[PDB]
Each structure stands twice: as C-alpha cells, then as structure tokens.
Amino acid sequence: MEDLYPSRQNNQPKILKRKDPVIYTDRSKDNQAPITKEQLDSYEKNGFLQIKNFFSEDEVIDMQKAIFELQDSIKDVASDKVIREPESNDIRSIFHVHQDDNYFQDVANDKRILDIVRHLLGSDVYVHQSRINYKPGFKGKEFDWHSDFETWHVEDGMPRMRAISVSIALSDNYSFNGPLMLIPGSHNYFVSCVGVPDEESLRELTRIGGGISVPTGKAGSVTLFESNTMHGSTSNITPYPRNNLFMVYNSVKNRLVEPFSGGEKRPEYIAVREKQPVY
C-alpha cells in the first residue's frame, strides 16, 4: 500500500495534482447514467453536483419526521454514536443510521442515489459513514475548509479518491444560515497539510476555481461532492435551522486499509470496515 497522497508528514504544505479519475465510467457511456451529460460534465468540472427536487414532497416530510422521531426515541441512550451538547445534553448528531435503523437503511439504499454514485465511481459501492446532523437555529459553529479525503486517507486508510459524499438537506438551505460552501474544481488538487489547509493554498484553489460555490434550495435538495472537494461553512447566527442527513459512498474497489498516518483505526461508526455478509 504505497501512499499516493502523503500528508501531515512534512512541515511544509504542498499542492499535488489528482492521481485518480473523477468520473470512473467512460464518458462514452454517458447514455447509461441516470443524469444528463450536462450534470456529468458539471460534476467533473466542479467536484460537486446539486440536485434540487431529488425527492418528492411527501418523501421530504417523511424524512424530516423520521429524524425527529429517532432523536426522541434515543433520548435516554448512552452511546458514542450519539453526539450530545454538554450542558443541555441535546442530541446534535447520530452516526451509523444506515446500518442501525431500518428507515435510514432504506434511504441509504435508495436506487436514485445508488444509480448515480455507482456510475460516477464506476463500481459497486458500500457506505463508509452516515450521520444525521441536528442544527437548530443559532447553533453549530464555523467549520474551516477541509478535504474529507485528506482525513479518510490519513486517519482511516482510504487509499484513493474514489468516494462521494451525499448531503440531503432536511431544512431549507439559504445563503445566510451557514450553508455548506465548496471551492469548485478543488477536487483536482490534493493539499498536503503539515488537516485544515492554510490560507495560501486556499487562495490558490479559489483563484483556480474562479470563486466559491454555495448551493441553496428547499429541504430535500441534494448535494453530492467528491471525496477531495474542499468545503466548509460559517456559523449560523439566524433562526433558520440546518438539519441534514449525510452519507458517504465508497467504491468496493477502495476499501480501507490501515491508517496512512500509521496510527490506530477509528471506530466503525466513523469509518466502516465491515464487508457486507453474503446472507
């Protein structure tokens, strides 16, 4: 397992080009994809794709009800998968719902999602991680810019950029309430950290990308983004919440090995190492 993407090793950051395809299925096979050529081109160029109206209105309502019924059902639970705010003990995240809850397993297995990620990753996929995020109005701090791939590689042993994050908005997504922002085109550049990149690198990626992208849309809208697309968000100082369901689809050809940091494995609810049993 040669490290094609060393990071946190050198005390000096460096930008290296991408060594992996972005769209793994041949573009001559676009006809076979569940999304158009324009969508495919836009994913490839930008490192993300927003799809508004992915889910019907009843499905959105249902998912919104479901995350709050689950939150209530687990109020008394003691579990490292359940992230709570100290003081209020309010639940802010629940990991691994894709496996631990029937409803959310079905969402994670939604054919609409699987058909896209399988085409983009040019193989079958499995869920690397899932989480429900509860972000009430006025809650949730800033998250500095980062590449998920950098973390998955160094800390979880993901060898190659062959995963896709899928974010389902379960609250209306506005410009002003701390939405997810992304640097378009940044997926094509690996920023080796000395894992939050420095201002100079971010300036360089922004310049190349031409700007900053901020998908917005009503609850139910979906944003897919490539493993190495740089993203981040401001705090929310508004009463508009930002609840979401987040899943990561990894290619079955890119299963985790030991962390490239040389460090210990993180828990299964953070990074899946189970292989699906045949039964």
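The first residue of the shown sequence is 1; numbering continues from there.
Going from residue 208 to residue 209, you skip over nothing: the modelled chain follows the deposited sequence without a break. Two stretches are in play, 83-91 and 131-139, and the higher mean C-alpha B-factor belongs to 83-91. As listed in the deposited structure, the average C-alpha B-factor of 195-203 and of 178-186 is greater for 195-203. Of the candidates 242, 65, 37, 218, it is 37 whose Cα B-factor is highest according to the PDB record. Among all modelled residues in this chain, the alpha-carbon of residue 229 has a temperature factor (C-alpha) in the lowest third. In the deposited entry, the Cα temperature factor of residue 69 places it in the lowest third of its chain's modelled residues. Per-chain ranking of the deposited C-alpha B factor places residue 99 in the highest third. Ranked within its chain, residue 146 lands in the lowest third, by CA B factor from the PDB record. Ranked by Cα temperature factor within the chain, residue 250 sits in the lowest third according to the deposited record.
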